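Take a look at this single chain in structure tokens; it is the form deposited in one PDB entry.
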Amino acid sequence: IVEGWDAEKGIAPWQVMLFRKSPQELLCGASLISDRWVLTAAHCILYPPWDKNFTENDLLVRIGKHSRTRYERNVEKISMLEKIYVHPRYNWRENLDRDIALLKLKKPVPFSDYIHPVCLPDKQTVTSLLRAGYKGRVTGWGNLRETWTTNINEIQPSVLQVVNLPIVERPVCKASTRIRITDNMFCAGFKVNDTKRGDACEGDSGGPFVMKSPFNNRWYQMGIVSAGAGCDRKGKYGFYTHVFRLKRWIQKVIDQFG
């Protein structure tokens, strides 16, 4: 996360760390939508070009974390995966369309002051909040800046980062990139100027883009970080998987259990 700030303890209790078993390494971000289900991006699980083709056993998730490295005893929980469901229409060879995946935990994770699910949107929430100019929040453990511009230990945050970003006008972002932005995604970011522009980076992929409802006081995940324009990636705006548009698929998978 670029141009963001340190997260207050429990600010994003639904933030999840998608970890690799061996070698042990933070892989992506993700979010808790219930005590047994987790949302993250498909390209985080499957993307051959960056040699990524994981399975249930290859990785695990850490919940309730704050520190990027230090083990936070009596706060974080580790969980094995029971199954991974990446959208059947996700095609890593074309673009990021439908860049989404559901992860089922082997054991329900107990809730605490630092572990709590975020809400999934409804049509009502989308029409009132998902509009250009409205700001949303992104959290993660991705790099703080472009690689090679200083020692690595200085670009990898010690604590969870947060940054607020404005939803961008669809026509405006379609014109900023040669990449296709389908109706299953939306863009967010500051205008081409605003000097120190906040954004999400590769290590933030899979993380949640949340918004707080001024109507019922709850936090809703409107998007999943698919392609942030921060750090090393070319581009002006970040791409997010439009969570609502994929709600039916989420339900189908969960109803049947994949």
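One rule holds for the numbers: they count along the sequence shown, beginning at 1. Just so we're on the same page, rigid core means the largest C-alpha set that superposes within 1.5 Å between forms.
What follows is about the form deposited with a partner chain bound, which we do not show.
*Which one of these stretches, 200-208, 54-62, 41-49, 226-234, sits within 4.5 Å of its partner chain in the bound PDB entry when only heavy atoms are counted?*
In short, 54-62.
*Hey, in the bound PDB entry, is residue 93 touching its partner chain, heavy atoms inside 4.5 Å?*
Residue 93 lies outside the contact set for its partner chain.
*Does residue 191 make contact with its partner chain in the bound PDB entry, using a 4.5 Å heavy atom cut-off?*
Heavy-atom contact with its partner chain at 4.5 Å: absent for residue 191.
*asked:* So, residue 178 and its partner chain: in the bound PDB entry, are they within 4.5 Å at any heavy atom pair?
replied: Residue 178: no contact with its partner chain in the bound PDB entry.
*Is residue 68 a contact residue for its partner chain in the bound PDB entry, using a 4.5 Å heavy atom cut-off?*
Because a heavy atom of residue 68 falls inside 4.5 Å of its partner chain in the bound PDB entry, the answer is yes.
*With the core superposed, find the residue in 232, 35, 58, 194 that moves its CA 2 Å or more between the shown form and the other one.*
By this measure, the answer is 194.
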